[PDB]
Amino acid sequence: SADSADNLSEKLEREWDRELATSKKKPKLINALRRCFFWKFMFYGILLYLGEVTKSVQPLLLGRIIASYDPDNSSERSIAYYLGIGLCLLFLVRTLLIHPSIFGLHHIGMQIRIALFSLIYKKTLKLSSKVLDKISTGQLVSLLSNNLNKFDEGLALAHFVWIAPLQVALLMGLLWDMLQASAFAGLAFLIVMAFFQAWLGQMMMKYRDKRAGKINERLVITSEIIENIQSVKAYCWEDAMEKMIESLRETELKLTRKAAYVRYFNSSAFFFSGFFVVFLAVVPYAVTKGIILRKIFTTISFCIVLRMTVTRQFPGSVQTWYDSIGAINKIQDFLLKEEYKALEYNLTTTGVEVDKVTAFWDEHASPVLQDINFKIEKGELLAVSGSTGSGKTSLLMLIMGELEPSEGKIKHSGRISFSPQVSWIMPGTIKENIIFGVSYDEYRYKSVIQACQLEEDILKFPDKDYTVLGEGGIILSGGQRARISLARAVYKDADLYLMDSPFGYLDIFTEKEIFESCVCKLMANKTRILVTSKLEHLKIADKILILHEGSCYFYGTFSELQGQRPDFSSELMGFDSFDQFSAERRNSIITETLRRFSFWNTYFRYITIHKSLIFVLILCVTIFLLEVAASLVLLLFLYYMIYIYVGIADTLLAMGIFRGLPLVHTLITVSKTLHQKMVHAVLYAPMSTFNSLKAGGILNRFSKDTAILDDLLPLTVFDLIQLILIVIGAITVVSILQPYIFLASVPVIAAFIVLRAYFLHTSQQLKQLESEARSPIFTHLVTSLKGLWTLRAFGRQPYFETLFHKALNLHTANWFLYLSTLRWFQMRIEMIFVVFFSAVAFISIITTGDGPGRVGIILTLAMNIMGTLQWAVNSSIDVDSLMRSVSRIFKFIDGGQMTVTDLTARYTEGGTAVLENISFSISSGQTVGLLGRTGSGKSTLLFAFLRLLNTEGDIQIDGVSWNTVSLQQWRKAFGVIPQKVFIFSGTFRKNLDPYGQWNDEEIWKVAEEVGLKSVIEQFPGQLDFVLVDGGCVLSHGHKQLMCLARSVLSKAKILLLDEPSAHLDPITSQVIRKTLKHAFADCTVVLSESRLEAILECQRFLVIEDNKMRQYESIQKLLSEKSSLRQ
Ligand SMILES: Nc1ncnc2c1ncn2[C@@H]1O[C@H](COP(=O)(O)OP(=O)(O)OP(=O)(O)O)[C@@H](O)[C@H]1O
Ligand SMILES: Nc1ncnc2c1ncn2[C@@H]1O[C@H](COP(=O)(O)OP(=O)(O)OP(=O)(O)O)[C@@H](O)[C@H]1O
């Protein structure tokens, strides 16, 4: 196997394609995979087997070593000496064999994961357009992310399904004094514990899945709040929002608490089993014959080995192996989906023809396009219009071959260049998007970008052609994104060009220029099809097509339309001034014209009350498990004293469990408190201070830190308690038996501490790389999915495959480095442990072990100490991560006439002053407003009033200085509607009234007053309707009206309007102006405008530049000074 994506893919593709091609009904992915996997997997598997079997040998060697100190036979010093050497070598050898093999298995898991991802990516790009709208988008994201961190670890235990029975059979077969079947008492106990644990684990999974759903809901509300803190504070909404967080948190905790107990008992059960395998193991020796130390010591070491292979190594592989298989099956189901059918290019024609085409998207469809017919000559212009939904763009999908006809033929000449309704961001270099996938030629490039009028905006970009367009499209406005899409479609040389919604939400001035610049001249003599709403284009076009309800309304010459459907034509022409209508209005006009011319609980409470019931229930489980083991003992089918002693052990263990329950209760309580305090602290936080993270670390730390406290503190703490108790005992005993061991062990612990510290520093830094390399794999994926229509149209598939592989190689390189440093670290740790072991074995061998039982116990304690020690190393690592998280969390928590005198503001106490020494007056009830350049800090005046800035000077509102008024009422006076309107997700009643203070009747009254009554009636449920995704179903004008309704219900006196005109079309902007003037007849309205035409309705003006301002009492004085100062 290879170490890179390209090679890994070739091999997987060859086997997959060969089997898939060999069409034996249902070819399987699993077979393609075993043919890759098996020849490496099996080798690491056998090496691990050989490594593990060492544990089944070591106790035998000790029994003989112990015997050498017996008074029996002879004091063969030389044998004790050499056997001791052999024992320490067994430790060294398995260390040297096992770790490399584990590493190799992880290497394999990684290689397979990469091969699987590349296969899936290739498949998504070839999917049929029909199934494309049935496959939930969340499923493809989870298809790749769900096993991202599981698949590659899982192979580590896979060969244990195979090893486990070999070691169980051996250890069983090695039992000394086998017929007195202590073997069954032993196994019956362990077997029962294993099934108990399996069941418990299943319950754990049930809780994880349900909790995950609730987590996503909490996270969504959380980020919604974080990115809009200014509106929450401005609204003085505050604690209502805090309560929304609380209800989501409470829901998660109820589920978490139950999950926590599952984890608690799992761990205490583990402890319990330790005690009993040892206890039961000595029942033979108490029962008749008595004790033989030679055999007792040997017996216990073997018992320990069975416990671990039986209860942990085996079931871990079973669960892992099973889940891995299910994941593969899901991948296969995805791969076996209908394909995009390739278009056959030919030299049949020069034009475009459609022969009686009838077609539809899916079964059960009524949207069947009927009897579609075309004959377009080379170089002709086709203009198409019609009702929304009557195959306005679905026609294009037939043209490009995305949708097959059910009947009829489609003929085309050559290659097609397509520009979709919705622009594809293509994150990356802007020049490259314009000329993407093709050679750069300044002749053509300049001609296209100039003709498309891109220079007007692109030359303002900081790196010009090399300005990179990042995620979110932070560089371009929607009309600009559209403009680039056109330039891209045009730059590509094609025989046929398809323009989807080319008007681009652009200003009519540029719309005209682009049509003539591009449609007429740049595209001259090309075969063109335009989607359009403008009658002028139809007049110009050689062929006119109008669609309605799945069929042709009209197809032919412009004058033929008028002669054959004159009523349709006359109704449209009544709106003669179509250039004055925005696309939205043009669409409404045709839609109407065209449709008009149709042609447990009782006891749970008692369990909480009576702790004696809890004790009994704990004891009941213990009793039950021992009785079940008895059922397994009866396997022999094909004493009172023992009964008494085991009964005693059960009672003692039950009390031990009972004592620790308050810890679970305490743990849930603590994480709840921390989450709640952090939220409170962020809401009632100073402004500017949060700008240290700028919402990045705020969201990431808030989300991640809570998650780790909940999953790890309740887990790692119990392991630490058990490990701590074990080491205390181990050291105490050897220190007493032989003080030289202590002398020897002190430097050993010192060695481990130093290496650990160095390691963690570096590995913690490397961990950052996984996130850095991981994020872009998904950004790449999403971008490719949205761009699918053009990736196929322009033949760019291999370009993107190349990019995808480079991203994978980056990720794997960092992932791999992280893995490698960890493995090296663990190897070093184990070797240090191996060395002190040898030294200890010899301290005991060398000294006067004339009372041999003391020799025996030192040797077995040392031999079996390594299991606990490996856990201890890992637990210390987790602890350091937890403490670092705790610190990160802790860092956050441990006047009608408005009179402004000498006001000054900054974004920090250092930084820069965004405003200095401004004085300004607003007469009560006066309409006033602001003028200034974009980015002149317009919003910093509003924020200065809302007290969101580091500030100086005297502002008198509601008769008093801000200096004597707390933020809530100072801000309460101000009803502000920002350009970026905040929409709270949820029920409209709460969105409008998060406090529940207004009645439904009152809410409706205001909805009527502000013009939103029809809007709320339209949404099903009305007040109960749930609004989602930032108001993805609302006009931004509606969002502004919702804000208005809030301002009037809130009884604000100062109304602040942040350029409504920035986004709202005048057809509605005037409606809101009328509406608010009536609503605010007794209030003072302050407007911040971008144009003189809007500011014009104000009586007093504030003109701001360079952190200074000029106050005018008349628009004329403003204009006289503005002309002099128009700079
Ligand atoms: N792949 C698809 N499978 C099924 N239905 C589809 C698919 N793509 C689009 N549609 C739907 O079926 C119709 C297809 O027609 P088309 O895409 O031409 O509509 P349009 O008038 O261009 O749409 P709009 O302007 O609302 O975006 C639409 O009304 C749309 O809701
Ligand atoms: N708290 C802040 N800290 C740092 N920079 C800020 C802060 N608030 C805004 N800015 C920036 O400084 C300028 C402030 O001007 P303001 O926020 O009034 O701009 P605008 O013209 O309303 O901007 P837009 O059209 O992007 O909404 C902007 O150019 C913006 O990038």
# chains A, B, ... in the order shown; residues from 1 in each chain; ligands from 1

$ residues_near_ligand --ligand "ligand 2" --cutoff "9 Å" --atoms "only C-alpha atoms and all ligand atoms" --output "short mmCIF file (atom, residue, chain, number, x, y, z; two decimals) with N, CA and C atoms, in the first residue's frame"
data_model
loop_
_atom_site.label_atom_id
_atom_site.label_comp_id
_atom_site.auth_asym_id
_atom_site.auth_seq_id
_atom_site.Cartn_x
_atom_site.Cartn_y
_atom_site.Cartn_z
N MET A 687 -18.45 46.01 26.72
CA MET A 687 -18.16 46.05 25.31
C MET A 687 -16.68 46.24 25.14
N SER A 688 -16.14 46.12 23.93
CA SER A 688 -14.69 46.13 23.62
C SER A 688 -13.89 44.93 24.16
N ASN A 691 -14.09 41.81 22.03
CA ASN A 691 -13.39 42.01 20.78
C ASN A 691 -12.01 41.34 20.78
N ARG A 906 -14.25 55.39 21.41
CA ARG A 906 -13.17 54.49 20.95
C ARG A 906 -13.65 53.03 20.95
N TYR A 907 -13.00 52.18 20.14
CA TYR A 907 -13.21 50.73 20.20
C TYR A 907 -12.43 50.02 21.33
N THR A 908 -11.41 50.64 21.93
CA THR A 908 -10.72 50.24 23.17
C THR A 908 -10.11 51.49 23.83
N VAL A 914 -12.88 56.74 17.29
CA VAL A 914 -13.81 56.67 16.14
C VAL A 914 -14.70 57.91 16.02
N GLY A 932 -23.00 60.94 5.69
CA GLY A 932 -21.59 60.68 5.84
C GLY A 932 -21.22 59.57 4.88
N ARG A 933 -19.92 59.34 4.75
CA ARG A 933 -19.44 58.27 3.89
C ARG A 933 -19.68 56.91 4.54
N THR A 934 -19.76 55.88 3.70
CA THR A 934 -19.76 54.50 4.17
C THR A 934 -18.45 54.22 4.91
N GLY A 935 -18.53 53.64 6.11
CA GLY A 935 -17.39 53.37 6.96
C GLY A 935 -16.90 54.62 7.72
N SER A 936 -17.63 55.75 7.73
CA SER A 936 -17.31 56.92 8.55
C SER A 936 -17.69 56.78 10.03
N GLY A 937 -18.07 55.58 10.48
CA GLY A 937 -18.42 55.32 11.88
C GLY A 937 -19.83 55.79 12.22
N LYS A 938 -20.78 55.84 11.26
CA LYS A 938 -22.20 56.10 11.49
C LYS A 938 -22.80 55.32 12.66
N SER A 939 -22.49 54.01 12.68
CA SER A 939 -22.92 53.07 13.71
C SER A 939 -22.31 53.35 15.08
N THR A 940 -21.18 54.08 15.15
CA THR A 940 -20.52 54.42 16.40
C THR A 940 -21.17 55.61 17.11
N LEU A 941 -21.86 56.51 16.39
CA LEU A 941 -22.80 57.43 17.02
C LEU A 941 -23.96 56.66 17.67
N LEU A 942 -24.56 55.69 16.96
CA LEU A 942 -25.68 54.96 17.53
C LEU A 942 -25.22 54.16 18.74
N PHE A 943 -24.04 53.58 18.63
CA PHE A 943 -23.52 52.78 19.73
C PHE A 943 -23.08 53.67 20.86
N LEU A 948 -22.40 51.36 24.03
CA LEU A 948 -21.68 50.16 23.66
C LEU A 948 -20.19 50.45 23.42
N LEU A 949 -19.71 51.68 23.65
CA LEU A 949 -18.33 52.12 23.36
C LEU A 949 -17.63 52.79 24.55
N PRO A 978 -31.14 48.48 12.97
CA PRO A 978 -29.85 48.42 12.32
C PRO A 978 -30.01 47.92 10.91
N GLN A 979 -29.01 48.14 10.06
CA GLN A 979 -29.07 47.54 8.73
C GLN A 979 -29.15 46.03 8.81
N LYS A 980 -28.42 45.44 9.74
CA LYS A 980 -28.44 44.00 9.89
C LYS A 980 -29.46 43.64 10.95
N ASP A 1058 -31.24 52.86 10.59
CA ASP A 1058 -29.94 52.70 9.95
C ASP A 1058 -30.06 52.35 8.46
N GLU A 1059 -30.05 53.36 7.58
CA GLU A 1059 -30.22 53.14 6.14
C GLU A 1059 -31.16 52.02 5.72
N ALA A 1062 -30.69 50.89 2.25
CA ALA A 1062 -29.54 50.11 1.87
C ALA A 1062 -29.98 48.84 1.19
#

$ closest_atom_pairs --of "chain A" --to "ligand 1" --cutoff "10 Å" --atoms "only C-alpha atoms and all ligand atoms" --output "tab-separated table"
residue	atom	partner	partner_atom_place_in_ligand_line	distance
A:128	CA	ligand 1	1 (N)	9.1
A:129	CA	ligand 1	1 (N)	5.4
A:130	CA	ligand 1	1 (N)	5.2
A:131	CA	ligand 1	1 (N)	7.9
A:132	CA	ligand 1	1 (N)	6.8
A:133	CA	ligand 1	1 (N)	6.2
A:134	CA	ligand 1	3 (N)	8.8
A:360	CA	ligand 1	4 (C)	8.0
A:361	CA	ligand 1	4 (C)	4.8
A:362	CA	ligand 1	4 (C)	6.7
A:363	CA	ligand 1	4 (C)	9.9
A:365	CA	ligand 1	4 (C)	8.5
A:366	CA	ligand 1	12 (O)	9.7
A:367	CA	ligand 1	12 (O)	6.6
A:368	CA	ligand 1	12 (O)	9.2
A:369	CA	ligand 1	15 (O)	9.0
A:385	CA	ligand 1	21 (O)	9.1
A:386	CA	ligand 1	21 (O)	7.7
A:387	CA	ligand 1	21 (O)	6.6
A:388	CA	ligand 1	21 (O)	4.0
A:389	CA	ligand 1	29 (O)	3.3
A:390	CA	ligand 1	21 (O)	5.3
A:391	CA	ligand 1	18 (O)	3.1
A:392	CA	ligand 1	18 (O)	3.6
A:393	CA	ligand 1	18 (O)	3.3
A:394	CA	ligand 1	18 (O)	3.5
A:395	CA	ligand 1	18 (O)	5.9
A:396	CA	ligand 1	18 (O)	7.5
A:397	CA	ligand 1	17 (O)	8.2
A:398	CA	ligand 1	18 (O)	9.9
A:402	CA	ligand 1	1 (N)	8.7
A:403	CA	ligand 1	1 (N)	8.0
A:421	CA	ligand 1	27 (O)	7.5
A:422	CA	ligand 1	27 (O)	9.1
A:500	CA	ligand 1	22 (O)	8.3
A:501	CA	ligand 1	25 (O)	8.4
A:531	CA	ligand 1	22 (O)	8.9
A:547	CA	ligand 1	21 (O)	9.3
A:548	CA	ligand 1	21 (O)	9.5
A:549	CA	ligand 1	29 (O)	9.4
A:550	CA	ligand 1	15 (O)	8.5
A:587	CA	ligand 1	25 (O)	9.2

$ closest_residue --among "A:142, A:848, A:9, A:348" --to "residue 119 in chain A" --atoms "only C-alpha atoms"
A:9

$ closest_atom_pairs --of "range 16-52 of chain A" --to "range 155-167 of chain A" --cutoff "12 Å" --atoms "only C-alpha atoms" --output "JSON lines"
{"residue": "A:37", "atom": "CA", "partner": "A:155", "partner_atom": "CA", "distance": 10.7}
{"residue": "A:38", "atom": "CA", "partner": "A:159", "partner_atom": "CA", "distance": 11.3}
{"residue": "A:40", "atom": "CA", "partner": "A:155", "partner_atom": "CA", "distance": 11.9}
{"residue": "A:41", "atom": "CA", "partner": "A:159", "partner_atom": "CA", "distance": 8.5}
{"residue": "A:42", "atom": "CA", "partner": "A:159", "partner_atom": "CA", "distance": 8.2}
{"residue": "A:43", "atom": "CA", "partner": "A:159", "partner_atom": "CA", "distance": 10.3}
{"residue": "A:44", "atom": "CA", "partner": "A:159", "partner_atom": "CA", "distance": 8.8}
{"residue": "A:45", "atom": "CA", "partner": "A:159", "partner_atom": "CA", "distance": 5.6}
{"residue": "A:46", "atom": "CA", "partner": "A:159", "partner_atom": "CA", "distance": 8.5}
{"residue": "A:47", "atom": "CA", "partner": "A:159", "partner_atom": "CA", "distance": 10.5}
{"residue": "A:48", "atom": "CA", "partner": "A:159", "partner_atom": "CA", "distance": 8.5}
{"residue": "A:49", "atom": "CA", "partner": "A:163", "partner_atom": "CA", "distance": 6.4}
{"residue": "A:50", "atom": "CA", "partner": "A:163", "partner_atom": "CA", "distance": 9.8}
{"residue": "A:51", "atom": "CA", "partner": "A:163", "partner_atom": "CA", "distance": 11.0}
{"residue": "A:52", "atom": "CA", "partner": "A:167", "partner_atom": "CA", "distance": 8.6}

$ write_last_selection --atoms "N, CA and C atoms" --output "PDB file, in the first residue's frame"
ATOM      1  N   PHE A  37      -7.351  -4.964   2.097  1.00  0.00           N
ATOM      2  CA  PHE A  37      -7.148  -5.063   3.527  1.00  0.00           C
ATOM      3  C   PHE A  37      -6.420  -6.290   4.070  1.00  0.00           C
ATOM      4  N   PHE A  38      -6.882  -7.458   3.669  1.00  0.00           N
ATOM      5  CA  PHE A  38      -6.471  -8.723   4.235  1.00  0.00           C
ATOM      6  C   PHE A  38      -4.986  -9.001   4.239  1.00  0.00           C
ATOM      7  N   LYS A  40      -2.486  -7.191   4.557  1.00  0.00           N
ATOM      8  CA  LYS A  40      -1.658  -6.471   5.507  1.00  0.00           C
ATOM      9  C   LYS A  40      -2.213  -6.702   6.893  1.00  0.00           C
ATOM     10  N   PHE A  41      -3.535  -6.685   6.990  1.00  0.00           N
ATOM     11  CA  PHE A  41      -4.212  -6.797   8.256  1.00  0.00           C
ATOM     12  C   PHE A  41      -3.814  -8.038   8.991  1.00  0.00           C
ATOM     13  N   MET A  42      -3.760  -9.145   8.272  1.00  0.00           N
ATOM     14  CA  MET A  42      -3.451 -10.402   8.894  1.00  0.00           C
ATOM     15  C   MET A  42      -2.064 -10.458   9.482  1.00  0.00           C
ATOM     16  N   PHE A  43      -1.131  -9.665   8.977  1.00  0.00           N
ATOM     17  CA  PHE A  43       0.185  -9.759   9.525  1.00  0.00           C
ATOM     18  C   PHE A  43       0.259  -9.007  10.794  1.00  0.00           C
ATOM     19  N   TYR A  44      -0.417  -7.889  10.875  1.00  0.00           N
ATOM     20  CA  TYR A  44      -0.288  -7.209  12.135  1.00  0.00           C
ATOM     21  C   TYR A  44      -1.045  -8.026  13.170  1.00  0.00           C
ATOM     22  N   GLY A  45      -2.106  -8.701  12.726  1.00  0.00           N
ATOM     23  CA  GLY A  45      -2.902  -9.538  13.593  1.00  0.00           C
ATOM     24  C   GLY A  45      -2.065 -10.655  14.213  1.00  0.00           C
ATOM     25  N   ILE A  46      -1.303 -11.394  13.396  1.00  0.00           N
ATOM     26  CA  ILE A  46      -0.534 -12.471  13.989  1.00  0.00           C
ATOM     27  C   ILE A  46       0.544 -11.952  14.900  1.00  0.00           C
ATOM     28  N   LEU A  47       1.133 -10.822  14.571  1.00  0.00           N
ATOM     29  CA  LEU A  47       2.174 -10.342  15.430  1.00  0.00           C
ATOM     30  C   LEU A  47       1.605  -9.988  16.791  1.00  0.00           C
ATOM     31  N   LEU A  48       0.416  -9.394  16.820  1.00  0.00           N
ATOM     32  CA  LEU A  48      -0.191  -9.054  18.093  1.00  0.00           C
ATOM     33  C   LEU A  48      -0.534 -10.283  18.889  1.00  0.00           C
ATOM     34  N   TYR A  49      -0.980 -11.330  18.220  1.00  0.00           N
ATOM     35  CA  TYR A  49      -1.262 -12.569  18.911  1.00  0.00           C
ATOM     36  C   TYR A  49      -0.049 -13.078  19.642  1.00  0.00           C
ATOM     37  N   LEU A  50       1.074 -13.100  18.935  1.00  0.00           N
ATOM     38  CA  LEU A  50       2.308 -13.595  19.498  1.00  0.00           C
ATOM     39  C   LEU A  50       2.722 -12.715  20.647  1.00  0.00           C
ATOM     40  N   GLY A  51       2.465 -11.441  20.525  1.00  0.00           N
ATOM     41  CA  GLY A  51       2.754 -10.565  21.623  1.00  0.00           C
ATOM     42  C   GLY A  51       1.895 -10.897  22.852  1.00  0.00           C
ATOM     43  N   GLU A  52       0.570 -10.970  22.677  1.00  0.00           N
ATOM     44  CA  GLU A  52      -0.344 -11.160  23.806  1.00  0.00           C
ATOM     45  C   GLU A  52      -0.167 -12.469  24.534  1.00  0.00           C
TER      46      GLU A  52
END

$ residues_around --residues "residue 1100 in chain A" --least-positions-apart "5" --cutoff "8 Å" --atoms "only C-alpha atoms" --output "CSV table (one decimal) with N, CA and C atoms, in the first residue's frame"
chain,number,residue,atom,x,y,z
A,922,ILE,N,-31.0,67.6,19.0
A,922,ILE,CA,-32.2,67.2,18.2
A,922,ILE,C,-33.4,67.8,18.9
A,926,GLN,N,-38.5,66.3,16.2
A,926,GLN,CA,-37.9,66.8,15.0
A,926,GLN,C,-37.4,65.6,14.2
A,927,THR,N,-37.6,65.7,12.9
A,927,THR,CA,-37.1,64.6,12.1
A,927,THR,C,-35.7,65.1,11.7
A,928,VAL,N,-34.8,64.2,12.1
A,928,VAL,CA,-33.4,64.6,11.8
A,928,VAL,C,-32.7,63.4,11.2
A,929,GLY,N,-31.5,63.7,10.7
A,929,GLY,CA,-30.8,62.6,10.2
A,929,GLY,C,-29.3,62.9,10.0
A,1111,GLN,N,-23.5,70.8,11.8
A,1111,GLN,CA,-24.9,70.7,12.1
A,1111,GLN,C,-25.6,71.8,11.2
A,1112,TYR,N,-26.6,71.4,10.4
A,1112,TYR,CA,-27.3,72.3,9.6
A,1112,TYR,C,-28.8,72.4,10.0
A,1113,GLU,N,-29.3,73.6,9.9
A,1113,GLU,CA,-30.7,73.8,10.2
A,1113,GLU,C,-31.7,73.7,9.1
A,1114,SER,N,-31.1,73.5,7.9
A,1114,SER,CA,-31.8,73.4,6.6
A,1114,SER,C,-31.1,72.6,5.6
A,1115,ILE,N,-31.8,71.9,4.8
A,1115,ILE,CA,-31.2,71.2,3.7
A,1115,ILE,C,-30.5,72.1,2.8

$ decode --residues "range 246-288 of chain A" --atoms "C-alpha atoms" --output "mmCIF file, in the first residue's frame"
data_model
loop_
_atom_site.group_PDB
_atom_site.id
_atom_site.type_symbol
_atom_site.label_atom_id
_atom_site.label_comp_id
_atom_site.auth_asym_id
_atom_site.auth_seq_id
_atom_site.Cartn_x
_atom_site.Cartn_y
_atom_site.Cartn_z
ATOM 1 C CA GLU A 246 -31.765 27.479 30.314
ATOM 2 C CA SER A 247 -34.619 25.379 28.898
ATOM 3 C CA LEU A 248 -32.383 23.851 26.272
ATOM 4 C CA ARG A 249 -29.688 23.168 28.835
ATOM 5 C CA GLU A 250 -32.195 21.604 31.219
ATOM 6 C CA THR A 251 -33.384 19.224 28.552
ATOM 7 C CA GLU A 252 -29.855 18.035 27.832
ATOM 8 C CA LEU A 253 -29.083 17.548 31.481
ATOM 9 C CA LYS A 254 -32.026 15.383 32.165
ATOM 10 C CA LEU A 255 -30.689 12.996 29.521
ATOM 11 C CA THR A 256 -27.105 13.463 30.620
ATOM 12 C CA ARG A 257 -27.841 12.615 34.214
ATOM 13 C CA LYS A 258 -29.192 9.279 33.175
ATOM 14 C CA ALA A 259 -26.178 8.659 30.973
ATOM 15 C CA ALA A 260 -23.910 9.543 33.882
ATOM 16 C CA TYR A 261 -25.266 6.775 36.033
ATOM 17 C CA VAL A 262 -24.747 4.326 33.269
ATOM 18 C CA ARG A 263 -21.088 5.288 33.275
ATOM 19 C CA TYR A 264 -20.827 5.182 37.074
ATOM 20 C CA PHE A 265 -22.054 1.684 37.403
ATOM 21 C CA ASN A 266 -19.991 0.504 34.498
ATOM 22 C CA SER A 267 -16.843 1.569 36.303
ATOM 23 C CA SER A 268 -17.809 0.281 39.711
ATOM 24 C CA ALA A 269 -18.794 -3.016 38.122
ATOM 25 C CA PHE A 270 -15.338 -3.256 36.678
ATOM 26 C CA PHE A 271 -13.863 -2.918 40.167
ATOM 27 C CA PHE A 272 -16.282 -5.457 41.545
ATOM 28 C CA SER A 273 -15.187 -8.070 39.031
ATOM 29 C CA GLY A 274 -11.578 -7.596 39.998
ATOM 30 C CA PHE A 275 -12.312 -8.514 43.537
ATOM 31 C CA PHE A 276 -14.336 -11.553 42.714
ATOM 32 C CA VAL A 277 -12.138 -13.271 40.261
ATOM 33 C CA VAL A 278 -9.388 -13.096 42.901
ATOM 34 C CA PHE A 279 -11.664 -14.078 45.739
ATOM 35 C CA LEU A 280 -13.232 -17.006 43.974
ATOM 36 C CA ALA A 281 -9.797 -18.149 42.870
ATOM 37 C CA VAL A 282 -8.730 -18.851 46.421
ATOM 38 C CA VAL A 283 -11.845 -20.745 47.430
ATOM 39 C CA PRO A 284 -10.222 -24.015 46.376
ATOM 40 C CA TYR A 285 -7.285 -23.565 48.731
ATOM 41 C CA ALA A 286 -9.439 -22.624 51.697
ATOM 42 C CA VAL A 287 -11.563 -25.589 50.985
ATOM 43 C CA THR A 288 -9.557 -28.582 52.079
#
